[PDB]
Amino acid sequence: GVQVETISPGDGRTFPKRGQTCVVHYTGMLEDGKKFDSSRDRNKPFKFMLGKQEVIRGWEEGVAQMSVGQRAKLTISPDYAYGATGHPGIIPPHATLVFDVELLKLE
Ligand SMILES: CO[C@H]1C[C@@H]2CC[C@@H](C)[C@@](O)(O2)C(=O)C(=O)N2CCCC[C@H]2C(=O)O[C@H]([C@H](C)C[C@@H]2CC[C@@H](O)[C@H](OC)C2)CC(=O)[C@H](C)/C=C(\C)[C@@H](O)[C@@H](OC)C(=O)[C@H](C)C[C@H](C)/C=C/C=C/C=C/1C
């Protein structure tokens with residue numbers, strides 16, 4: 001599944017709805033491995049629409065339980081991420097992913 005551990009609390013009231021755009025910053029790394037991506041480096045926040053299957057399942061379920069302002073460590077098992085195939089060139093088969101995700105804003 002996806003485990004959500006809080007780094008800094010959000011407001012505890014404003015949670016994403018299906019169909020809303022979540023605006024986030026993230027850093028991704030392989031569990032006890034390499035950092036492979038960060039929107040912070042790029043100075044540009046990542047946006048995705050919750051519930052449209054644009055992103056991996058662990059993000060869909062993980063971000064849905066976060067409130068605005070929250071920063072959390074998401075640990076995502078391979079079956080909630082890229083599974084036995086991985087993501088070619090970047091994520092190997094059967095990788096556990098850890099993301100640091102900060103929910104900035106909803107649009
Ligand atoms: C350059 O950076 C990439 C993101 C990179 C790619 C490689 C991975 C390691 C990674 O580094 O991100 C990464 O850290 C990662 O694993 N992410 C990104 C952050 C959210 C979680 C995860 C992810 O789900 O990636 C996604 C993962 C790689 C693929 C998806 C996994 C779930 C599955 O349901 C989807 O099937 C459809 C495919 C990539 C994304 O988050 C982007 C936004 C979404 C898509 C490409 C598809 O959903 C696409 O389908 C046609 C769409 O509907 C989109 C919106 C259409 C518009 C025009 C395309 C925008 C493309 C943006 C691409 C971006 C910023």
# chains A, B, ... in the order shown; residues from 1 in each chain; ligands from 1

$ residues_near_ligand --ligand "ligand 1" --cutoff "7 Å" --atoms "only C-alpha atoms and all ligand atoms" --output "VMD selection string"
chain A and resid 28 36 to 38 46 48 53 to 56 59 87 90 to 91

$ select_by_dssp --residues "chain A" --states "strand (DSSP E)" --output "ChimeraX atom specification"
/A:2-8,21-30,35-38,46-49,71-76,97-106

$ residues_around --residues "residue 51 in chain A" --least-positions-apart "5" --cutoff "7 Å" --atoms "only C-alpha atoms" --output "MDAnalysis selection string"
chainID A and resid 18:19 60

$ residues_around --residues "residue 44 in chain A" --least-positions-apart "4" --cutoff "9 Å" --atoms "only C-alpha atoms" --output "ChimeraX atom specification"
/A:25,39-40

$ write_last_selection --atoms "N, CA, C and O atoms" --output "short mmCIF file (atom, residue, chain, number, x, y, z; two decimals), in the first residue's frame"
data_model
loop_
_atom_site.label_atom_id
_atom_site.label_comp_id
_atom_site.auth_asym_id
_atom_site.auth_seq_id
_atom_site.Cartn_x
_atom_site.Cartn_y
_atom_site.Cartn_z
N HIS A 25 5.00 20.09 -4.14
CA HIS A 25 6.41 19.88 -4.41
C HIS A 25 6.77 18.48 -3.99
O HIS A 25 6.22 17.99 -3.00
N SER A 39 10.82 18.12 -7.95
CA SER A 39 10.32 19.33 -8.56
C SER A 39 10.97 20.56 -7.95
O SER A 39 10.96 21.64 -8.54
N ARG A 40 11.55 20.45 -6.75
CA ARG A 40 12.15 21.58 -6.07
C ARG A 40 13.35 22.10 -6.84
O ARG A 40 13.46 23.31 -7.02
#

$ closest_residue --among "A:14, A:8, A:85, A:21" --to "residue 107 in chain A" --atoms "only C-alpha atoms"
A:21

$ residues_around --residues "residue 104 in chain A" --least-positions-apart "3" --cutoff "12 Å" --atoms "only C-alpha atoms" --output "list in words"
residues 9, 10, 11, 14, 15, 16, 21, 22, 23, 24, 25, 26, 44, 45, 46, 47, 63, 66, 67, 68, 69, 70, 71, 72, 101 and 107 of chain A

$ residues_around --residues "residue 78 in chain A" --least-positions-apart "5" --cutoff "12 Å" --atoms "only C-alpha atoms" --output "PyMOL selection string"
chain A and resi 1-2+30-31+56-58+83-87+91-98

$ select_by_dssp --residues "chain A" --states "helix (DSSP H, G or I)" --output "number ranges by chain"
A: 57-64, 78-80
